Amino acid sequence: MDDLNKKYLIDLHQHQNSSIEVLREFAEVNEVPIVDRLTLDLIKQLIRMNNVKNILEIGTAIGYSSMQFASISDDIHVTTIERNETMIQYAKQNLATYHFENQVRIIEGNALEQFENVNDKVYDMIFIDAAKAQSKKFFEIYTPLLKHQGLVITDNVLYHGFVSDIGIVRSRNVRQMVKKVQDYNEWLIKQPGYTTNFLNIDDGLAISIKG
């Protein structure tokens, strides 16, 4: 039912397909995780409503979300931090192929140590994955660069739907990730300088407004 509903809505979204949508095909075939379509289209709407200009993203598979955000307006800037050499190479080639190298900056390295390489701007939105590495630490490190009324968008707050699943008994790695994501969610709701809401769409999404 949820799968049928998702397919039906993605079909409605087919009218707003950008040139970069062709990369979704590459991602599924090559075991490359890309942001889900309905989640991405909601974030694009948030960028429009809030007149977001400067985005900071923690992680990328192939630069898909970076280019989708930059495609909204020529005045959008995206800084993307990525440590994986294969992902860096894929993202770099895509930015060249699709002509986004002036709008998107790839910062190569571990996100625990990139503060001094990205602190040249005040960001309007930070995009994080709750399950990726030290997610709570990334929120604490980078949020001082987010403007008042800026947004923190956290993907994967349901760890692909595993948070409440008995099936986690099958994998130690899935259990460790569920624990990390659950800890992140509880810690996030307790931050007094933020107003947060959660959505059970795709892998789970949280939207936090900085007060």
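All residue numbers refer to positions in the sequence shown, first residue = 1.
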Select between 28-36 and 141-149 the stretch whose C-alpha atoms have the higher average B-factor in the entry. 28-36
Per the PDB record, is the mean Cα temperature factor higher over 111-119 or over 83-91? 83-91
Entry record, C-alpha B-factors for 183, 155, 57, 165; the maximum is at 165
Given 61, 177, 70, 46, identify the residue with the highest C-alpha B factor in the PDB entry. 61
Assert third(CA B-factor, residue 97) within chain per record equals highest
For residue 19, the third of its chain by CA B-factor is the highest
What third of its chain's C-alpha B-factors does residue 171 belong to: lowest, middle or highest? highest
Hey, what third does residue 191 fall into on Cα B-factor, ranked over its chain? highest
